[PDB]
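As structure tokens, one chain now follows by itself in the form deposited in one PDB entry.
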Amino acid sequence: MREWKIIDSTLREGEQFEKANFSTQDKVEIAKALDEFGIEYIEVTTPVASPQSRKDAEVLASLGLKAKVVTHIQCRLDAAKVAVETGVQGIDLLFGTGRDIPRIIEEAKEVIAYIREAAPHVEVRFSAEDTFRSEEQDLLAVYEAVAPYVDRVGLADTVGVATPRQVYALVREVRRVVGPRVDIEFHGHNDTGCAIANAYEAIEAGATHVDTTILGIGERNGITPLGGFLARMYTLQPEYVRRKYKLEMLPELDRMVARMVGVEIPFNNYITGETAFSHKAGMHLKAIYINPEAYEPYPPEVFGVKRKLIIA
């Protein structure tokens, strides 16, 4: 342990997906299914975006889910006011990208102090945008000063270019300065194919929370996908992962979102793709007959799917 939780962002980052147009009912359906699956947090679009985004946050936060519903806002006093009024259980602050550090620290602590005052039970996370490309002394100076006032700090690979040893190194340094009590969240884009690998390295370095979306939908090619992330963690912590989540629901989660946003599940999609458990080579087929574990990273039945043998 290696203890960690997932923050699903399908109703925040996922809304930024090109073809996403979630009705209030779509969002409630998604949130209930995630809650059934056992997701620990559900993050939703800032209530400042539109009157409908506000309403959606208000409903989602009041559904009586076991998952904590949290909203994502700019690190500003005016947004924070709207946020607390929605009744969310958490607020995820993003400090957006030659300006002095004490001031940045002062600005952040002001917003955070407002929240503690207006709603002492709401969990507060603070992230700086584009965390891995920020100059590191100043980044750590800000995180060190803000951490005693927040429940969680986050790191965001905003443009999807962080590398895995880079993520590992910077998460370790953050954990050093913020200490053991403060949680650590990782959000990573998939532009260079490293979202799942980077989330895994973040956890190895001490991160406690990983952002995912169903099918990885999000801005551009999106972020760490739920299924791919669970495949990665299952092979390392099968007992933990199987206990935490209803893994056999993964195909229904992926189908639901694919249907709503108007895409096909990629042919090679982790676990649920057409091809994820297809075997063809003679020597592979030979071994799978004695033991399918021979060429399978995890059992298809765990995730509610089946293998295919191409003996043709």
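The term rigid core refers to the maximal set of C-alpha atoms that superpose within 1.5 Å between the two forms. Residue indices: 1-based, along the sequence shown. Residues that one form lacks are left out of the comparison.
**Q** If you look at the other compared entries where the surrounding residues are built, does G98 lack coordinates in a third or more?
**A** Yes, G98 lacks coordinates in at least a third of the other compared entries.
**Q** Do at least a third of the other compared PDB entries leave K308 without coordinates?
**A** Yes, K308 lacks coordinates in at least a third of the other compared entries that model both of its neighbours.
**Q** None, 1 to 3, 4 to 9, or 10 or more: how many residues of the deposited sequence lack coordinates between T97 and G98?
**A** Gap between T97 and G98: 4 to 9 residues without coordinates.
**Q** Highest mean C-alpha temperature factor of the two stretches 102-110 and 233-241, which is it?
**A** Mean C-alpha B-factor is greater for 102-110.
**Q** For the C-alpha atoms alone, is the average B factor greater in 82-90 or in 192-200, going by the entry?
**A** Result: 82-90.
**Q** Given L77, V174, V210, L155, identify the residue with the highest C-alpha B factor in the PDB entry.
**A** Of the candidates given, the C-alpha B-factor peaks at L77.
**Q** Looking at the C-alpha B-factor values in the deposited entry, which of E40, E274, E43, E29 comes out highest?
**A** So the option with the highest C-alpha B-factor is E274.
**Q** Please place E219 in the lowest, middle or highest third of its chain by C-alpha B factor as given in the entry.
**A** CA B-factor rank for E219: middle third.
**Q** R165: which third of its chain by C-alpha temperature factor?
**A** Its C-alpha B-factor belongs to the middle third of this chain's values.
**Q** Would you please rank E144 by its C-alpha temperature factor against the other modelled residues of its chain and give the third it falls in: lowest, middle or highest?
**A** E144: CA B-factor falls in the lowest third of its chain.
**Q** Classify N21 as lowest, middle or highest third according to the C-alpha B-factor given in the PDB entry, relative to its own chain.
**A** Highest third - that is where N21 ends up once the chain's C-alpha B-factors are sorted.
**Q** Using only modelled residues of the chain, where does the Cα B factor of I115 rank: lowest third, middle third or highest third?
**A** Tercile = highest for this residue's CA B-factor.
This protein has a second form, the form deposited in another entry, left out of what is shown; the following refers to that one.
**Q** Look at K66 and decide if its Cα position differs by 2 Å or more between this form and the one not shown after superposing on the rigid core.
**A** It does not, since the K66 C-alpha is displaced less than 2 Å between this form and the one not shown after the core fit.
**Q** For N291, does the CA position differ by 2 Å or more between this form and the one not shown when the superposition is done on the rigid core?
**A** Superposed on the core, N291 moves its C-alpha 2 Å or more between this form and the one not shown.
**Q** For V263, does the CA position differ by 2 Å or more between this form and the one not shown when the superposition is done on the rigid core?
**A** The answer is no, as the C-alpha of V263 shifts between this form and the one not shown by less than 2 Å after core alignment.
**Q** Having a change of 3 Å or more in the C-alpha distance between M283 and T275, I'd like to know whether it is closer or farther in that other deposited form than in the form here.
**A** Between the C-alphas of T275 and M283, the gap narrows in that other deposited form (3 Å or more compared with this form).
**Q** Enumerate, in order of sequence, every stretch of at least three consecutive residues present in both forms where each C-alpha is displaced by 2 angstroms or more between this form and the one not shown, superposition done on the rigid core.
**A** 100-103, 279-294 are the stretches that shift between this form and the one not shown.
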